[PDB]
Every structure is written in C-alpha cells, then in structure tokens.
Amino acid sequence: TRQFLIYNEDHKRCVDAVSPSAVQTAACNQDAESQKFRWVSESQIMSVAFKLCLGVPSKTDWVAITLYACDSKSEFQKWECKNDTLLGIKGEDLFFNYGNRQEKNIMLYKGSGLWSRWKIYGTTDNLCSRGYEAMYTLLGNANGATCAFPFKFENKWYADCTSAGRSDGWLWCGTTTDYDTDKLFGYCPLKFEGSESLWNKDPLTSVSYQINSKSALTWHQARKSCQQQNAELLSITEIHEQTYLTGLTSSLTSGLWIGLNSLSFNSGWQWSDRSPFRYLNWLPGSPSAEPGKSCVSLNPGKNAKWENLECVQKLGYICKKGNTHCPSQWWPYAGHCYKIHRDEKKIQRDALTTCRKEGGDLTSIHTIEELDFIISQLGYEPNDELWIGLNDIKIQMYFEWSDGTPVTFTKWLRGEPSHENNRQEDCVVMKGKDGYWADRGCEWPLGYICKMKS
C-alpha cells in the first residue's frame, strides 16, 4: 500500500539497489526487496532494503544518485514530481535519469526525455501519488508522535511498522530514528489481530469509538489521526451518545478533543464529520466569546461536558467510526409549499399555530438545497429575522423540528448557537444574507416561515 517499485516505461526495467555505493536497474521483481522503495518525508525516498534515501552529492549534472543516510534537512535527498512522470530534485531542473551503461548507476541529468520519466510499477499515477503521510501512533510512551522512518530497534533498521521483539504481533514504530537510545514508540494505525481492541462499539448503535487518552496532539493532528483510520473526530448527535461516552470517560481527567469547531468563517459551530450540530452539552462559560477560539474539547473530569481550547493545545482525542400545486400566495419545492409571514409579528408559539391554522407547520429544513430555495424564491431579504421550526422546548440542549421530522441538517450563523446557559428554552430563527440559523429565547415576537404538504 505504501511501498512501491520505481520503473521506466520505455526501458521496461525497474530501479534496483545493489549497494549504498551503487543504484542501478534490473528486471522487475516485486518479491525482491532490493528493488522496493518508499517515501519517508514530503521529499525523501528511501530504499526499504537498505534503509537509506536516494540522494546526490551536489545539484550539478551527471553526478551519481546513490543512497545516503536519511536526513530530514540534507537538501540533496529531496525529490519532487514535475510535468507528470518527471522525477527531479527540488529547486533545480535536474531529474532522476536512467543510467548510461558506462557507470552502471542511476544518475542526475538535465534532460526531460523518456529516460527521465519514472512511474510506480503496475500503475499510471506518478510517484507523488503514493506520497508520504505522517502516521500518528497509538498508545505507547511517545504520546502519539508520528512514526520516524527508518528507525533502529535492537541494532537493525526497520522500514515500516514491525511486530519484532513481540509475542503479540502488534505493529509498532519508533517515533525517533534511534529508538534503541530514546525508546519512544507507539502503535501504528494499521490492521492486525489486536487492532480492533482499541475501539468501542456501543452495543446498541454499533458506532465505534477510540479513546486516545495518553496522546497529546493539536486539534488538527488529532483530526488527521482518525481520518487515516477511516474514521473522524467524535460527533455527539443524540442524548444516548453523550451518556454512553460519559461512561467511558468517567475515570479520565484531562480534556479530550472532539470534532466540534468554529473554524469556518461564515458559519457557526459545526461537527468536523458534517454531522448535524443538534445536541449541545457545553460547560458553563462556553461557547466562550474569545475571538481566537474555534476547537472544542470534552472534559472527562467535569462530567464529559464541552469547552473550547485553542487549536494548538496538545490533548487527547476521541475518534468515531460511525455507520405539487399549493394554495395561492404559496410556492412549491420538493413536493412541499412554503410561505414567509410579516403581516403581523407573533411569538414563536403563536407563530407555530398560524402555520397549522394555515394547514402546515413551521418550516423544516433537511438539505442545503432546501435552505437555498427558501431565500431565493419566497421574497426573503438579508435583514430578516424569521422563526423556523427548530426548537428544544421539550428538552433543553436537544433541538428537534416542530413537525417531528428528524434533524438531518444544521447550518448555524456565525457566533451561533448563542447563549443557551443564559436561558431556559431555545427557539431558532433564520437571519443573514445566507439564511443561516440563530437560537434565541422563544418568547420574542418575530416573523416566520411555514411549510405544508400537498
């Protein structure tokens, strides 16, 4: 999945490593470790056989590309893909090239020709396709630091995650390159027997959860460490979910990252996996109005309630592997009919009824296309404040639609949802050039939109 064979279409022969002194080409053989290569940084390319990166003595022409000890900053081991199948050194237009058979060796040339076009064996998406992605460790003493390749364990070099020196066959990696000295390690987000014992799956939902309490990453590092596990940062969508994870995080104390954030500039709080932000559970004082704050943490030491901590703080994190014809005045969309009212302005409750006396209900919105229809086609204007069907009248911090349709979709105005800990009941308005939503006390009289079926 991450190792590959470097290969030249025209010569139909792959790149091979015979020695640190010499890098040649041979007949392609994917069972020959000599030939196998693998990214290690954004730029470096290492041989899994010898655990050394391909590099040059200088950025000059016709010098031999050979294997050097791999070095984050030696700026001769750095490579990049140009034009397409081109492979050259960064900064200077000099390219990986097939070796003139005088010096049996890959060399660096200035020709953008057919001898300088390389490509992963058995594919057509250039070698910056299988590019390096930093893989954050699980558990371990290194607090989830990224894997370091290569690393030395018991005086041998390992090019990927290994189950060496272990009875259990788990896959681990050093987080520095000399693990034998620093002894910092963790487990790789890959699949092996024991892999799944790092998740919980609530017996009811079947959604799974990973609690990384011993790690300490920024919000964005955390988010990337669940995407590479085909997951995402934790979303809390139902009252059952918050209680279930309050049980898991009962015995923990330091804050943990969840997917709730205000990182988009014309949009309020939102879940990182695009789950609808319908259920709230803030700590007193949050959402804090401090302008620099956009990422939410879950505090297991304060009954699993939520607070926003700078997205550069290094905390733990939780991941989540889920899974026609209408009355006059009224206008249709998606089989329903809509209307905005300002003849008389009414309280939320009295607005709800004049949409049932009219034969419908305060409007529900389940898709962004639906929200788009409301603002374009019903004479709505950007400086409006219109009641809609969202509310938490039965249960605070739990928004449902008045018409009893499921809340499949959220789109908050920036700054919103407002002050819920400052009131007892939370109704929802539509306002702003984009028609985004805001929550407020219900017992405020405003205009409204309603929705009916045909």
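Position 1 is the first residue in the sequence shown; the rest follow in order.
### Unmodelled deposited residues flanked by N323 on one side and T324 on the other
A long stretch, 10 or more residues, is missing between them.
### Query
Comparing 157-165 with 337-345, which has the greater mean CA B-factor as deposited?
Result of the comparison: 337-345.
### Message
Highest mean C-alpha temperature factor of the two stretches 289-297 and 170-178, which is it?
### Response
Averaged over C-alpha atoms, the B-factors run higher in 289-297.
### Query
Whose C-alpha has the highest temperature factor in the PDB entry: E381, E238, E133, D273?
Comparing C-alpha B-factors across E381, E238, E133, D273, the top value belongs to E381.
### Message
Out of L252, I318, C81, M107, whose C-alpha atom has the biggest B factor in the entry?
### Response
The C-alpha B-factor peaks, among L252, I318, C81, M107, at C81.
### Query
Where does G55 sit by CA temperature factor within its chain: lowest, middle or highest third?
According to the entry, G55 has a C-alpha B-factor in the chain's highest third.
### Query
With respect to C-alpha B-factor, does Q44 fall in the lowest, middle or highest third of the chain as deposited?
For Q44, the deposited C-alpha B-factor lands in the lowest third.
#### Entry: Where the record places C28 (Cα B-factor, split into thirds across the chain)
Highest third of the chain for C28's C-alpha B-factor.
### Task
Taking the values exactly as deposited, rank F277 by C-alpha B-factor within its chain and report the matching third: lowest, middle or highest.
It falls in the bottom third of the chain.
### Task
Using the B-factors in the PDB entry, rank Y187's C-alpha atom against the chain and give the third, lowest, middle or highest.
As the PDB entry reports it, the C-alpha B-factor of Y187 lands in the lowest third of its chain.
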